[PDB]
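# fold the following for me, if possible:
(5 chains)
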Amino acid sequence: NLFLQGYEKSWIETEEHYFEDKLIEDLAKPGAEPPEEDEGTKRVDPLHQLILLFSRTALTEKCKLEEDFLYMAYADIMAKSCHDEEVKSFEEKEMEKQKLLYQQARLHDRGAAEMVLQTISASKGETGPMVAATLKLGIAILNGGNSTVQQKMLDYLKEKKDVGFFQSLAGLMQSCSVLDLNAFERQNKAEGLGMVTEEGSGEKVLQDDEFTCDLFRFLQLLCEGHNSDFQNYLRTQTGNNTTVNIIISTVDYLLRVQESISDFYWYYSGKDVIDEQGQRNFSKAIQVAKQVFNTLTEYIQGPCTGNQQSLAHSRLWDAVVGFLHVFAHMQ
Amino acid sequence: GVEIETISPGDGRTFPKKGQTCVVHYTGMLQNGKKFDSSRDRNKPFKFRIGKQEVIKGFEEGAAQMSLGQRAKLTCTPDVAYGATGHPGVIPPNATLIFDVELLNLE
Amino acid sequence: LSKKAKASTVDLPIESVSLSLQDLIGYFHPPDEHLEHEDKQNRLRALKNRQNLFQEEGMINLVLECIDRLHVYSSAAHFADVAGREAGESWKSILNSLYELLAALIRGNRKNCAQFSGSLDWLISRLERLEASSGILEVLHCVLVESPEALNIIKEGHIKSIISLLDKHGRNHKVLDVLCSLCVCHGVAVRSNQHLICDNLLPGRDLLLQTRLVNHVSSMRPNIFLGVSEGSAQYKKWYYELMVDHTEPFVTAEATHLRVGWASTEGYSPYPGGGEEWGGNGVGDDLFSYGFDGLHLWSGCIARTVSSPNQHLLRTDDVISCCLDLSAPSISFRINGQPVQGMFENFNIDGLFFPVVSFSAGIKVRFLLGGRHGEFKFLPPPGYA
Amino acid sequence: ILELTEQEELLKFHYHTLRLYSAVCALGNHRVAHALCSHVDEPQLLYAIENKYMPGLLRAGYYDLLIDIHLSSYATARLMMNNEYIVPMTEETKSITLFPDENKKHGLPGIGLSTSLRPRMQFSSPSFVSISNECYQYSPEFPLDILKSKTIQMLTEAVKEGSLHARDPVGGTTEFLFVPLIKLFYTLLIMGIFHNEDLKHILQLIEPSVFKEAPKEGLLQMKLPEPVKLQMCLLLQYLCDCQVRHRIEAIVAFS
Amino acid sequence: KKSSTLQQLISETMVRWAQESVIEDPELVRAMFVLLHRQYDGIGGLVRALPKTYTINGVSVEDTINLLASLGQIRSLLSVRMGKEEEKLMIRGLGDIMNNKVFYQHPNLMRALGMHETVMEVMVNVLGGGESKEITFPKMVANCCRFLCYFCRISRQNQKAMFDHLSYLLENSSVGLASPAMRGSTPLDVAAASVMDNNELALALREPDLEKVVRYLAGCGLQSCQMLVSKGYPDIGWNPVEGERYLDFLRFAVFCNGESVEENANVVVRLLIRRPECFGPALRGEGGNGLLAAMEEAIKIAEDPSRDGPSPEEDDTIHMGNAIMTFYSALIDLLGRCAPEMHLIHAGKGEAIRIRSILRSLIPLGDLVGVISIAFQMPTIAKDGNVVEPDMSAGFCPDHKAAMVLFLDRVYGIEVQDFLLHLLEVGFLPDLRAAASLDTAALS
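Residues are numbered from 1 along each chain as shown, chains lettered A, B, ... in the order given. You can find the structure just below:
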């Protein structure tokens, strides 16, 4: 029994194989269209049918986003198909950008951006595996600053009259976690007492750092390339009956992360040497703060006076002055 | 209170006793004529032992009066078979049961 | 009107009630099926919100009160007498529309079918009435399908009433569907409801259609057509024999069919009368045929046991002799030369008679008609030809 | 009963009566199943299964009633006990290998020595002259070899008849012809009655070229309706599950 | 051209059907795509199957088969509606499972077969059916809770698996606390068994989980029991029977393996001091008589039959005095266990010194000394020669003073020689003399 468990964990889980691009291309291929004479509109490909099934499931009214294994699997397959990966030359860089654009077309031509928005809207601000997979797929399809996908998403939102997407975004951003010094102290006291570690990562501190990074990467790629109209929509949703200011929510989360980092540094202030677990926690929190700062920078870049004024009147200055103290003593 | 009417005669010499299993094909129908049980339908000969009160009393008495290889019709009054409670979902209360039984073998 | 106010003084908005009921049913009509998925979803959401608002304003109880106030009158003529003609004329339509509206307001809403659970018992009390059976059945079906709570309230006194509904109003499939819904809801089986339905419906064998596997039965007859009439040259006494060469008591699940005797035709048509051309019917299953099986005398599909020496069902090496006397109507048999203690007498002699044997499968019998076509191992009774 | 093709009211009433018969015994009501064995008999079920002039609705109802009364309980137990592999440490378990021989050619799914623990098959005699009431536990008894042979023969006929695309399917439609039969086959396969040569023949019927032991078009290529495609998907899912269990047992054998 | 494998054949036919027709059935589309995904992700089947793979010796084949049949019965009874016969059936089926030896020998198999969440779901169904109308089928819940407590005690990993259901169990902790003879078979008992003698789980236990229990205790201290006054018991202000059960869980959370979990002790003391009504009317402090005065008052109630019984066994005749007394003993024990260790006070930790000072403010030394000074009544031989046995379920018991002594040694401490001999002379020497007079065999 022990060998079976160890064999699983060490070999079967670690086994890796790359089939996603082949599978997605085979599904996207329109098969024998002249042999199936429809005498009408072009026939939906299997990938388009899968996307329509998922979109209809998302649009079906339910009180909660029920976990779907098919979605968590096929969204991940699509997300890896989008990326499919010593200074490269200009030809190599342009050739890779064109191939990335083609791979993203193979999905958002079939209506994947609308699905990604619909799933987030139906999530109702509850962090979960479906939300993580949807955010990963959105990052995959929007990577590099896809203007066509940005236009499709903005047009879909404005047409759909939806406040639920922004409400769910605010709920998820509020639900995003930070450093928990109490949990860190409890975990350290466990090892000091000598108890066997339960999880090697010990991810109780900073519970979800990949999810938060994906969410803010999505919120950044949504405005990548200075999409001024979409930045204005994020700040104030004009058409929508009720508006939510993601710009202020982002700086609120940045302030929370700053406070957590300041407290953690204060706990390490007296100690001469930083423990390995503390170094890991600092690295994770620094990555999270880096992504939040980049998202704010993408909100601001391009003379977006509205966002510049909102952040000026917000509490960004407190976060900056706190990070300045942290940097001055940390270094 | 079971009446036996010989549809077909048997050997006439061997009768069921103590502790001896009876192998019979039986067809039971209600007095109106509706059929509810048939071991011939199931294609499995029914096996039972005299005196262990595993079968209904009318069937037991009829088989006891029967002879080897004989085919006879058994009429069972409600009291001797299923009483007034009846069999839930099969036999209505206060129902007279008629059986067509053949004593195939004794083991 | 109940407190006996003057009919002219009574203000009864009959037409407005009917037209507003039509409008309300149109308003609560479920979405149609063509529609694109998203539009259908919007329509379903609108219907949900409409039902929720109506119930939160308590629109179910008002409809129930109207239904009760209409049900206090027994019939459309009694209401036509208490109220005016035209209230009498539209009484049935208004009651049906009210029941349909209640079904529309409850359908598909888990909460509405849950707060209708308390009033469910009062609804089923009027199930027997002919002017509300269909609407009550529809409402009960919706409540039982949607709410797993009303099933707890449903008891034996209601299950037996629903079964008596099937017994009284006839074979209706909607009652069966309601009974099916009473068993399993949302993948959960109610053992008590299953047991009650089984033990209260199945044993009777009087409402549901009954089924059985029946052996096919065919009949053999000679050319001879025997008839008697005044001033006609036909001998009134006849005799023939049948002998079983081989027969199998059980070629299948059911017993082998083997009956012998005479049959009669209606009128002078040579076609045998009174019996179906095909099926499990043989000699003696109608008042035109007269049969013998070795143990009983068969006529009119009713059998009476007849005594004989060494009684046995007809089997291998058995010889049956049949006697017909048209002078004094009497049909008599003798098995293996021994007379059976019974006869068929005083039957109709208007038509023609002929020998006949009915069988199902696994038989081997031979007609002994005498002379060249056979011979008689037992001598014919005197007089009989 | 064949006259109900032209009597619509009786046909609908009897179809809903059959559905009520299924519902009262649904989810393992073994006592109700024994009670229903009196009303719907084994010969009546065995005749309704085979008769080609069976009306479609009544045919589907009788297939469903047979499955519910005699096979549903064991099928359900053996199915939800599927994703758990409790394999004993026996010599026959040690004998298990990933591949039949040196050639790395997959054996046909289903065949082999499977040693994983699965629930035990038990049935009770449906008699009504016995006063013993302990027999109510366990579903009634039915001939799983006669049913097996009949199912194989009928599917073999249906495969060749459907490919010709005639205008007289059993039951009047391709769905009525195939869905009940494939459902009964799937129930038998889940319960595991099929063994060895039965599996070989029934896999040849599903697809001859792929399951070749070493033009005739199988069900997968006979251009089936959507419900029949769903049932085919279920059958393929079961075959994949069998392959997975064989893999698990081989890994335990190596262990 | 020929696929030659089941995987290739299915992979071809799924895509062929999908591109051949626009499938109108969402179920058909889902089945097709899940089958295609299973074909492509072949390793995923092994990844899912290996966790649910267990191997047994040939000697245990028969009892493993028996337990599998019992689990099949229990699982299949989920699909039917809760009822009398179903309750009987699952009672018998859960008895068989306990009686089986592999339940003890192979806890990993028991957890892999997923029996704990099956019993969890059965309890959820029973406790959710008619939440407003109190509890239906009160034996289903008792058997389920006993089974889950035993499952907890079997293995430490089983406790970790059970600990993930702490939130719902604490939500439904008020099911059967009031009714005695249910002790050890309530969802609160399942929670206590999950958190029992496991420092890892005690440390992982969160603060809102403690807050929920604190609010329950505050409500129980403010209000009286409804079922007791309905059955006829005198209506005192507060609820000792409910309060004691909640105090036991807090004790098990704060104290583990002989050493006091400081993180879980500080939170508990802060919450019970933010809401001081948790301490009982006597120690509430808006005019309460005091711990000692309440002690003799509960003695008075214990001797008086009217105040003790309902007056229209220990469950039918719940002794109000003993209940008050046990509540106060449990509160004292919980405070003493929440007291910090001596090494922290030696180190001079400000928080530990603060918590100790607060505890001494809550409990005066004189009250402790007086309660220790209170003595027992001992059985005596009657005139016929039978020793009359005073029922200790209706009287003052030594376990009540055990908590007094624990608080005395852990919070106040015996640091003064004069204090030591004073406390000894007033309270302990009489107890020793009583034990010595109980030395005769019949009286012993």
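
# who are the packing partners of the longest helix anywhere in chain E?
With secondary structure taken from DSSP state H, chain E has its longest helix at helix E:320-338. Other helices and strands packing on helix E:320-338, by 3 or more CB pairs under 8 Å, 6 or more residues apart in numbering or on different chains; DSSP states H and E, are helix E:240-254, helix E:262-274, helix E:280-284, helix E:291-303, helix E:305-308, helix E:350-362, helix E:398-407. (Each C-beta comes from the backbone N, C-alpha and C, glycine too.)

# show the subsequent helix or strand relative to that helix.
Using DSSP states H and E, the helix or strand that follows helix E:320-338 in sequence is helix E:342-347.

# just the residues contacting that following helix, thanks.
Applying CB atoms under 8 Å, 6 or more residues apart in numbering or on different chains, the external contacts of helix E:342-347 come out as E:262, E:352-353, E:356, E:413.

# may I see the buried residues of it?
residue E:344 (16 or more other CB atoms under 10 Å in any protein chain shown).

# and that helix, C-alpha only, in PDB?
Output of helix E:342-347 as PDB, limited to C-alpha atoms (Å, rounded to 0.1, in the frame of the first residue of the first chain):
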ATOM      1  CA  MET E 342       5.200  28.100  34.900                       C
ATOM      2  CA  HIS E 343       8.100  28.400  32.400                       C
ATOM      3  CA  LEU E 344       6.400  31.300  30.600                       C
ATOM      4  CA  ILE E 345       5.900  33.200  33.900                       C
ATOM      5  CA  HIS E 346       9.600  32.500  34.700                       C
ATOM      6  CA  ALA E 347      10.600  33.900  31.300                       C
END
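
# pull the distance from that helix to the chain's centre.
On the basis of CA atoms, centre = their mean, to the nearest Å, helix E:342-347 sits 31 Å off its chain's mean C-alpha point.

# what residues does the stretch 151-255 of chain D have near chain A?
Contact residues, the stretch 151-255 of chain D versus chain A (CB under 8 Å from any CB of the partner chain): D:251-252, D:255.

# mind redoing it with 10 Å?
Neighbours of chain A within the stretch 151-255 of chain D, by CB under 10 Å from any CB of the partner chain: D:248, D:251-252, D:254-255.

# could you do chain C as well?
For chain C, the residues in contact with chain A (CB under 10 Å from any CB) are C:37-38, C:41-42, C:44-45, C:48.

# out of those residues, which are buried?
Among the residues of chain C next to chain A, those classed as buried by 16+ other CB under 10 Å are residue C:41.

# longest helix in the chain, please.
Went with chain A since none was named. Max-length helix for chain A by DSSP H is helix A:276-300.

# my question was about chain B
Counting by DSSP H, the longest helix found in chain B is helix B:57-65.

# what's the angle from the longest helix of chain E to helix E:291-303?
Angle, helix E:320-338 to helix E:291-303, by axes from the mean of the first three to the mean of the last three CA atoms, to 10 degrees: 150 degrees.

# ok so, going back, can I get the longest helix of chain B in PDB? Just the C-alpha atoms.
Taking C-alpha atoms only, helix B:57-65 is exported to PDB below (Å, rounded to 0.1, in the frame of the first residue of the first chain):
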ATOM      1  CA  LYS B  57     -51.600 -25.400   5.000                       C
ATOM      2  CA  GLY B  58     -53.900 -26.200   2.100                       C
ATOM      3  CA  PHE B  59     -50.900 -27.000  -0.200                       C
ATOM      4  CA  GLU B  60     -49.400 -29.100   2.500                       C
ATOM      5  CA  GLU B  61     -52.500 -31.200   3.100                       C
ATOM      6  CA  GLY B  62     -53.100 -31.500  -0.600                       C
ATOM      7  CA  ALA B  63     -49.600 -32.800  -1.200                       C
ATOM      8  CA  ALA B  64     -49.900 -35.200   1.700                       C
ATOM      9  CA  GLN B  65     -53.100 -36.600   0.200                       C
END
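
# what is it packed up against?
In terms of contacts (3 or more CB pairs under 10 Å, 6 or more residues apart in numbering or on different chains; DSSP states H and E), helix B:57-65 is packed against strand B:2-8, strand B:21-30, strand B:46-49, strand B:71-76, strand B:97-106.

# the first one pairs with which strands?
According to DSSP bridges, strand B:2-8 forms sheet pairs with strand B:71-76 (antiparallel).

# send me the strand it pairs with as PDB with only the CA atoms.
Taking C-alpha atoms only, strand B:71-76 is exported to PDB below (Å, rounded to 0.1, in the frame of the first residue of the first chain):
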ATOM      1  CA  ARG B  71     -51.900 -34.600 -11.100                       C
ATOM      2  CA  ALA B  72     -54.800 -33.100  -9.100                       C
ATOM      3  CA  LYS B  73     -56.500 -29.800  -8.500                       C
ATOM      4  CA  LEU B  74     -56.400 -28.300  -5.000                       C
ATOM      5  CA  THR B  75     -59.100 -26.000  -3.700                       C
ATOM      6  CA  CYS B  76     -58.100 -24.100  -0.600                       C
END
